[PDB]
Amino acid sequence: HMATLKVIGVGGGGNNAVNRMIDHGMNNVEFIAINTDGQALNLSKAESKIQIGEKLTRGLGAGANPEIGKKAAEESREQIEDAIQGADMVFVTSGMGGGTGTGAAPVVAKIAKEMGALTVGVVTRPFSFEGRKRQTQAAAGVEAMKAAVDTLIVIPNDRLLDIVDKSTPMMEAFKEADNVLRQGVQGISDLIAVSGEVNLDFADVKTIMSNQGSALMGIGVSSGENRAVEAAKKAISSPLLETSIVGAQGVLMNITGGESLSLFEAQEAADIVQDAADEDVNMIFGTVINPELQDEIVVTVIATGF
């Protein structure tokens, strides 16, 4: 089995994330760009582009109206279905609070889910500086997304204000939010491609992520003394995510290390994650030994079921 992965941007912010991922370089992933705005869509780097709602919008965006995004996606339902064909896992990425993403992303997600793809949403909430109506529209979008997806990751854009100094470029801050999605997608690609010593596969991902609600996903990288604890703590920290590790009922955890990876340090790392999560956690633990590594380890945590 070699899972077919698709990443679907919906609306401006979603397609921004897709464009920046295509620039970064991602092999064996199909990118799909969905927008009402034909001008923006023409500039996308994606090899699959779906202009939605042209009869409704005349090729403009949705003008921040979620109803127009929803109706646009419904107008173009067949074209969305065609683009998703074959997917085993779909990431739907979108900025909540505008028109196209808020309205169309839940329609796209439901199409993917009903095609049998594991459907993961990765969405932003607006900055508080964008105001109340934007935040209220976004909240309705988040709720609609939750209904439509298997698992949802929410990045409040206000969390970016916690990781910048007064001079950090806005584009550099956006790249931090992009990395949540990128690391998730790359993590799945790695799981599918690499044989673990304690091997995890796509069925494990489905067990942890299918028909859940909110999710945390995170990676931590460290070396030297206390590397296992440090990497595990970093993985669960998730400063940009709305969802925390506390109370998680399902966890997929992997440790990748060199030949030096010790049993003791695997336990230390796993204990950090366990102590943070529910009493009845269903933890699926994996390990990869990569002999090309020296002293670095990478801990990956996906947590669901709250």
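All residue numbers are counted from 1 along the displayed sequence.
TODO: Output the stretch having the higher mean C-alpha B factor in the entry; the candidates are 213-221 and 156-164.
DONE: Stretch with the greater average CA B-factor: 213-221.
TODO: Quick one: say whether 137-145 or 231-239 has the higher mean Cα B-factor in the deposited entry.
DONE: It is 231-239.
- [ ] Could you tell me which one of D280, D37, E30, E67 shows the highest CA temperature factor in the PDB record?
- [x] When the deposited C-alpha B-factors of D280, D37, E30, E67 are compared, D280 is largest.
Task: Maximum C-alpha temperature factor, selected from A269, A276, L263, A62 - done: The record points to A276.
Task: For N226, the third of its chain into which the C-alpha B factor falls - done: Its C-alpha B-factor belongs to the highest third of this chain's values.
Task: Relative C-alpha B-factor of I52, binned into the chain's lowest, middle or highest third - done: For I52, the deposited C-alpha B-factor lands in the lowest third.
Open item on the list: Quick check for you: using the entry's CA B-factors within this chain, is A173 in the lowest, middle or highest third?
Closed with: Middle third, going by the recorded CA B-factors of the chain.
Open item on the list: When the deposited Cα B-factors of this chain's modelled residues are ordered and cut into thirds, is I8 in the lowest, the middle or the highest one?
Closed with: Its C-alpha B-factor, which the entry lists for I8, ranks in the lowest third among residues of this chain.
- [ ] Check where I192 lands among this chain's C-alpha B-factors and tell me if it's the lowest, middle or highest third.
- [x] Answer is highest: the recorded C-alpha B-factor places it there.
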